[PDB]
Each structure stands twice: as C-alpha cells, then as structure tokens.
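Enquirer: Following this message is one structure expressed as structure tokens.
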Amino acid sequence: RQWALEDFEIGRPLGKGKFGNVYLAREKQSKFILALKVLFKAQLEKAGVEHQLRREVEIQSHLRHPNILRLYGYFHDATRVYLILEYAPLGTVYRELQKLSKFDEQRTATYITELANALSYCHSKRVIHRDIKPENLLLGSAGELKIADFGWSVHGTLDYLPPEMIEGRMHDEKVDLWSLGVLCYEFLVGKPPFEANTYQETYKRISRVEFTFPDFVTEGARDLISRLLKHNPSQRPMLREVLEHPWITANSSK
C-alpha cells in the first residue's frame with residue numbers, strides 16, 4: 001500500500017522487448033519526469049530468477065552518486081514489477097559512439113574520470129559490477145555519464161568479460177579495472193580490443209591478453225590501457241592511480 005501505477009502518468013515507449021518495456025513517465029502530484037521499467041513476472045521467476053533481480057533493488061536503491069543512475073524505488077502487481085528510475089535525456093554512450101565513430105582524448109578522459117569516481121564509490125559500498133557495456137552507460141542532462149542499474153535488461157557480451165570470469169576462476173573488485181581498460185580503448189579506437197569473427201578467437205585474445213594499438217593512439221593512452229588490461233588481477237592498479245594518471249589529468253576536465 002505505497003507507490004502504485006495510478007500515481008503516475010505514462011508517456012512514450014523508450015524500449016520494448018521480451019522481458020518488458022520502459023516508458024517515459026511523470027508523477028501525477030509532483031509532475032517530475034522519470035523512467036518506468038516494467039518487467040513481466042512470467043520471465044523473472046522463469047529463468048532470470050526473481051532472486052538475482054530482487055534485493056538488488058535495495059542495494060542499488062542505496063547507491064547515491066552523480067555518475068550512477070538513481071533507482072528511486074519499486075512496486076509490483078499481479079503480473080509485473082515496476083522500477084522507478086531517474087531519466088537520462090541524452091541517451092547512451094553506445095549511440096553516441098555510433099554517431100561519432102570514436103571519441104577524442106578530452107572526452108575519453110573525462111568519461112573515464114566519471115566512471116572511476118562512480119566505481120570508487122561503489123567499492124566503498126562493497127558493490128562490484130560484472131561487465132559494463134556502452135549501452136549500459138546513459139547520459140544526463142549536462143552530458144555526464146550515468147552507470148545504469150546493472151541488470152534488469154529488457155531484450156554483456158564476451159568482449160567485455162575479464163579472463164578470470166570467462167575461465168570460471170575467482171573474481172573480485174579488480175574486475176572493474178579491466179572494464180575500465182576495455183572502455184578507454186573502445187572510446188579512442190571505436191571498437192573493443194579483443195573483437196573477433198568467432199567466440200573462439202575472441203576468448204583466445206582475451207585469455208592471452210592479445211591487443212594492439214592503431215597508429216593514432218598516444219603514448220599516454222597506450223600506457224594507461226596497458227596498465228589496466230593485466231591478466232593477473234593483482235597487477236591491475238587501484239582506482240586512485242587512474243584518477244591521478246598523467247594522461248587523465250592532462251586531458252580530463254574533471
């Protein structure tokens with residue numbers, strides 16, 4: 001007996017798919033614009049077990065940072081689950097990548113700075129993500145990056161998974177440093193570093209950490225990406241060392 005669908009006005013469809021739909025919406029009383037993610041119960045319980053996608057609402061809801069999409073709350077009815085999300089007006093980093101082909105150094109460094117900050121905050125809360133793709137990075141009103149509520153897709157690939165995870169071995173917070181490296185590279189080059197024609201060859205490249213730089217990538221960029229993509233998790237840097245890297249501080253606007 002709290003938040004309910006009747007408390008909202010529904011707008012245009014942001015996305016539709018096998019698991020549900022997402023719509024623009026506005027709270028009747030307040031009239032504030034937001035997004036409403038509608039998930040079909042017949043899918044959660046069936047496969048994506050409600051277990052995995054449940055309490056994670058309480059953990060996610062407790063995350064409050066300018067670079068993390070806010071989850072205001074949630075509610076349900078007989079057949080659906082409703083997530084009340086912050087609305088990101090400028091779209092995904094993914095679409096922007098389709099548009100520009102590749103980003104410049106100033107834009108790449110700023111984005112990495114905003115990500116490292118969100119991730120450092122998440123670590124202090126004992127929250128670790130499992131692969132972050134360009135399509136899961138939304139853009140705020142001022143153009144800032146927002147890491148979207150990890151999970152709850154409506155319908156991450158092998159290209160973004162660190163070695164320890166695809167190999168089945170143990171993984172920890174250092175998985176986030178590897179992600180940072182795949183992204184930095186993708187922003188500057190236009191495609192992820194281990195891309196291949198088959199899952200077979202992709203795995204091989206990720207496993208053996210096989211990547212190369214086009215001629216236009218700078219030594220400063222090449223040095224950061226190289227420090228981040230270390231097969232051994234322990235060799236990867238702390239998030240603080242990334243925020244203080246000479247190439248970041250030199251091209252970032254903070």
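Following the order of the structure tokens, chains are lettered A, B, ..., residues in each are numbered from 1, and ligands are numbered from 1.
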As a PyMOL selection string, which residues of stretch 65-202 of chain A does DSSP assign to alpha helix (DSSP H)?

Expert: chain A and resi 93-100+105-124+163-166+175-189+199-202

Enquirer: Store the residues picked out above in a file with N, CA and C atoms, as a short mmCIF file (atom, residue, chain, number, x, y, z; two decimals), in the first residue's frame.

Expert:
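Contents of the output file part_25.cif:
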```cif
data_model
loop_
_atom_site.label_atom_id
_atom_site.label_comp_id
_atom_site.auth_asym_id
_atom_site.auth_seq_id
_atom_site.Cartn_x
_atom_site.Cartn_y
_atom_site.Cartn_z
N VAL A 93 25.99 6.04 -24.25
CA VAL A 93 27.33 6.27 -24.76
C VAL A 93 27.44 5.45 -26.04
N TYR A 94 26.75 4.32 -26.07
CA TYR A 94 26.76 3.45 -27.24
C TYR A 94 26.26 4.17 -28.50
N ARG A 95 25.10 4.82 -28.42
CA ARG A 95 24.56 5.53 -29.58
C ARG A 95 25.48 6.68 -29.99
N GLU A 96 26.02 7.38 -29.00
CA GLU A 96 26.94 8.49 -29.27
C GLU A 96 28.18 7.95 -29.99
N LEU A 97 28.53 6.70 -29.70
CA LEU A 97 29.70 6.08 -30.32
C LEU A 97 29.36 5.75 -31.78
N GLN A 98 28.11 5.36 -32.03
CA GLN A 98 27.68 5.07 -33.39
C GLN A 98 27.77 6.35 -34.22
N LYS A 99 27.37 7.45 -33.60
CA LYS A 99 27.38 8.77 -34.23
C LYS A 99 28.78 9.29 -34.56
N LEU A 100 29.61 9.46 -33.54
CA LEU A 100 30.97 9.98 -33.71
C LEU A 100 32.04 9.00 -34.20
N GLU A 105 40.53 12.52 -27.13
CA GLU A 105 41.18 12.37 -25.83
C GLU A 105 40.53 13.10 -24.67
N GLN A 106 40.06 14.33 -24.90
CA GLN A 106 39.44 15.08 -23.81
C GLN A 106 38.14 14.44 -23.35
N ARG A 107 37.32 13.99 -24.31
CA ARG A 107 36.05 13.37 -23.99
C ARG A 107 36.23 11.98 -23.37
N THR A 108 37.22 11.23 -23.86
CA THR A 108 37.50 9.90 -23.33
C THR A 108 37.99 9.98 -21.89
N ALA A 109 38.93 10.89 -21.63
CA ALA A 109 39.49 11.06 -20.30
C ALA A 109 38.46 11.53 -19.28
N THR A 110 37.54 12.39 -19.71
CA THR A 110 36.51 12.89 -18.80
C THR A 110 35.61 11.71 -18.43
N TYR A 111 35.18 10.95 -19.44
CA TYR A 111 34.32 9.79 -19.22
C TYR A 111 34.96 8.77 -18.27
N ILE A 112 36.25 8.51 -18.46
CA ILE A 112 36.96 7.56 -17.59
C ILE A 112 37.02 8.11 -16.17
N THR A 113 37.19 9.42 -16.05
CA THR A 113 37.21 10.05 -14.73
C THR A 113 35.85 9.88 -14.02
N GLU A 114 34.76 10.10 -14.75
CA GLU A 114 33.44 9.97 -14.16
C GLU A 114 33.15 8.52 -13.75
N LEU A 115 33.64 7.57 -14.54
CA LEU A 115 33.46 6.14 -14.26
C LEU A 115 34.28 5.69 -13.04
N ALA A 116 35.54 6.11 -13.00
CA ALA A 116 36.41 5.73 -11.89
C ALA A 116 35.83 6.24 -10.57
N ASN A 117 35.24 7.44 -10.61
CA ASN A 117 34.63 8.04 -9.42
C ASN A 117 33.43 7.24 -8.96
N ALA A 118 32.57 6.84 -9.90
CA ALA A 118 31.38 6.07 -9.55
C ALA A 118 31.80 4.71 -9.00
N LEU A 119 32.76 4.07 -9.67
CA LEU A 119 33.25 2.77 -9.23
C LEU A 119 33.94 2.82 -7.85
N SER A 120 34.69 3.89 -7.57
CA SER A 120 35.35 4.01 -6.26
C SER A 120 34.26 4.09 -5.21
N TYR A 121 33.22 4.87 -5.51
CA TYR A 121 32.12 5.00 -4.57
C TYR A 121 31.46 3.63 -4.35
N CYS A 122 31.23 2.89 -5.44
CA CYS A 122 30.61 1.57 -5.34
C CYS A 122 31.46 0.62 -4.49
N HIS A 123 32.78 0.65 -4.68
CA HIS A 123 33.66 -0.21 -3.90
C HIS A 123 33.52 0.07 -2.40
N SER A 124 33.44 1.34 -2.04
CA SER A 124 33.31 1.70 -0.63
C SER A 124 32.01 1.11 -0.07
N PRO A 163 39.38 -12.18 -18.15
CA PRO A 163 39.83 -13.58 -18.19
C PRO A 163 39.38 -14.46 -17.03
N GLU A 164 39.55 -13.96 -15.80
CA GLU A 164 39.19 -14.75 -14.63
C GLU A 164 37.71 -15.12 -14.62
N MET A 165 36.88 -14.31 -15.26
CA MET A 165 35.45 -14.59 -15.29
C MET A 165 35.03 -15.58 -16.36
N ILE A 166 35.59 -15.49 -17.56
CA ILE A 166 35.20 -16.45 -18.59
C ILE A 166 35.84 -17.80 -18.30
N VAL A 175 37.86 -6.73 -11.20
CA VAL A 175 37.17 -6.94 -12.48
C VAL A 175 36.79 -5.56 -13.04
N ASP A 176 36.49 -4.61 -12.16
CA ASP A 176 36.12 -3.26 -12.59
C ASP A 176 37.29 -2.52 -13.27
N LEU A 177 38.53 -2.83 -12.88
CA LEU A 177 39.66 -2.17 -13.51
C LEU A 177 39.83 -2.65 -14.95
N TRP A 178 39.55 -3.93 -15.18
CA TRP A 178 39.66 -4.48 -16.52
C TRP A 178 38.62 -3.80 -17.43
N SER A 179 37.41 -3.63 -16.92
CA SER A 179 36.33 -2.99 -17.67
C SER A 179 36.74 -1.58 -18.09
N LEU A 180 37.35 -0.87 -17.15
CA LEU A 180 37.80 0.48 -17.41
C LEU A 180 38.75 0.49 -18.60
N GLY A 181 39.61 -0.53 -18.69
CA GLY A 181 40.56 -0.61 -19.78
C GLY A 181 39.95 -0.91 -21.14
N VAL A 182 38.95 -1.78 -21.17
CA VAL A 182 38.28 -2.14 -22.41
C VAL A 182 37.56 -0.90 -22.96
N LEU A 183 36.94 -0.14 -22.06
CA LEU A 183 36.20 1.07 -22.41
C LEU A 183 37.12 2.19 -22.92
N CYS A 184 38.20 2.45 -22.19
CA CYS A 184 39.12 3.50 -22.60
C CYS A 184 39.55 3.21 -24.03
N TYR A 185 39.93 1.97 -24.28
CA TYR A 185 40.35 1.57 -25.60
C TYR A 185 39.21 1.76 -26.61
N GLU A 186 38.03 1.25 -26.28
CA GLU A 186 36.91 1.38 -27.22
C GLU A 186 36.54 2.82 -27.55
N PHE A 187 36.61 3.71 -26.56
CA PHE A 187 36.29 5.12 -26.78
C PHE A 187 37.24 5.76 -27.78
N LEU A 188 38.52 5.45 -27.65
CA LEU A 188 39.54 6.01 -28.54
C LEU A 188 39.68 5.33 -29.89
N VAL A 189 39.36 4.05 -29.94
CA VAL A 189 39.52 3.30 -31.18
C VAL A 189 38.24 3.04 -31.97
N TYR A 199 33.53 -16.57 -31.38
CA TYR A 199 33.63 -16.52 -29.92
C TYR A 199 34.96 -17.18 -29.55
N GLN A 200 35.34 -18.15 -30.38
CA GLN A 200 36.57 -18.91 -30.19
C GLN A 200 37.80 -18.02 -30.18
N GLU A 201 37.95 -17.23 -31.23
CA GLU A 201 39.07 -16.34 -31.38
C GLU A 201 38.99 -15.18 -30.37
N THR A 202 37.77 -14.77 -30.00
CA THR A 202 37.61 -13.69 -29.03
C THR A 202 38.16 -14.15 -27.68
#
```

Enquirer: Looking only at strand (DSSP E or B) from DSSP on the backbone, list the matching residues of stretch 48-161 of chain A as a list in words.

Expert: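 Residues meeting the strand (DSSP E or B) criterion: residues 68, 71, 72, 73, 74, 75, 76, 80, 81, 82, 83, 84, 85, 92, 137, 138, 139, 145, 146 and 147 of chain A.
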
Enquirer: Rounded to one decimal, what separation in Å do you get between atom CA of residue A:171 and atom CA of residue A:132?

Expert: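 Distance reported for this atom pair: 15.2 Å.
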
Enquirer: Could you pull the residues within 12 Å of stretch 48-57 of chain A, counting only C-alpha atoms, minus those fewer than 2 positions along the same chain, as a VMD selection string?

Expert: chain A and resid 19 39 to 46 59 to 63 70 to 76 80 to 85 127 to 129 149 to 154

Enquirer: Would you mind reading off the distance between atom CA of residue A:86 and atom CA of residue A:32, one decimal, in Å?

Expert: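 Atom CA of residue A:86 sits 10.0 Å away from atom CA of residue A:32.
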
Enquirer: Which residues are close to residue A:90, i.e. within 12 Å by only C-alpha atoms, leaving aside same-chain residues fewer than 2 positions away? Reply as a list in words.

Expert: residues 87, 88, 92, 93, 94, 95, 96, 137, 138, 139, 140, 141, 142, 143, 144, 145 and 146 of chain A

Enquirer: Nearest residue to residue A:91 out of A:192, A:66, A:15, A:162, using only C-alpha atoms?

Expert: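 Residue with the minimum atom-to-atom distance to residue A:91: A:15.
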
Enquirer: Skip residue A:22 itself and residues of its chain fewer than 3 positions away, then list as a PDB file with N, CA and C atoms, in the first residue's frame all residues within 8 Å of it, counting only C-alpha atoms.

Expert:
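Okay, this is what ended up in result_12.pdb:
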```
ATOM      1  N   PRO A  13       7.072   5.125 -25.266  1.00  0.00           N
ATOM      2  CA  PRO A  13       7.874   3.920 -25.027  1.00  0.00           C
ATOM      3  C   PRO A  13       9.356   4.142 -25.325  1.00  0.00           C
ATOM      4  N   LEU A  14      10.203   3.918 -24.329  1.00  0.00           N
ATOM      5  CA  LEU A  14      11.642   4.084 -24.514  1.00  0.00           C
ATOM      6  C   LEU A  14      12.255   2.798 -25.066  1.00  0.00           C
ATOM      7  N   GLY A  15      11.611   1.674 -24.775  1.00  0.00           N
ATOM      8  CA  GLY A  15      12.098   0.390 -25.237  1.00  0.00           C
ATOM      9  C   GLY A  15      11.093  -0.702 -24.942  1.00  0.00           C
ATOM     10  N   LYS A  16      10.988  -1.655 -25.861  1.00  0.00           N
ATOM     11  CA  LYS A  16      10.066  -2.771 -25.713  1.00  0.00           C
ATOM     12  C   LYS A  16      10.822  -4.058 -25.995  1.00  0.00           C
ATOM     13  N   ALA A  35      11.693   7.623 -15.532  1.00  0.00           N
ATOM     14  CA  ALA A  35      11.511   6.465 -16.396  1.00  0.00           C
ATOM     15  C   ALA A  35      10.909   5.337 -15.581  1.00  0.00           C
ATOM     16  N   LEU A  36      10.069   4.533 -16.217  1.00  0.00           N
ATOM     17  CA  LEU A  36       9.441   3.428 -15.520  1.00  0.00           C
ATOM     18  C   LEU A  36       9.765   2.138 -16.258  1.00  0.00           C
ATOM     19  N   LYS A  37      10.523   1.256 -15.612  1.00  0.00           N
ATOM     20  CA  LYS A  37      10.875  -0.007 -16.230  1.00  0.00           C
ATOM     21  C   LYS A  37       9.895  -1.053 -15.750  1.00  0.00           C
ATOM     22  N   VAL A  38       9.143  -1.598 -16.701  1.00  0.00           N
ATOM     23  CA  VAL A  38       8.117  -2.602 -16.448  1.00  0.00           C
ATOM     24  C   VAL A  38       8.603  -4.003 -16.854  1.00  0.00           C
TER      25      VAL A  38
END
```

Enquirer: Just give me the gap between atom CA of residue A:247 and atom CA of residue A:224 in Å, one decimal is fine.

Expert: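 We find that atom CA of residue A:247 and atom CA of residue A:224 lie 7.7 Å from each other.
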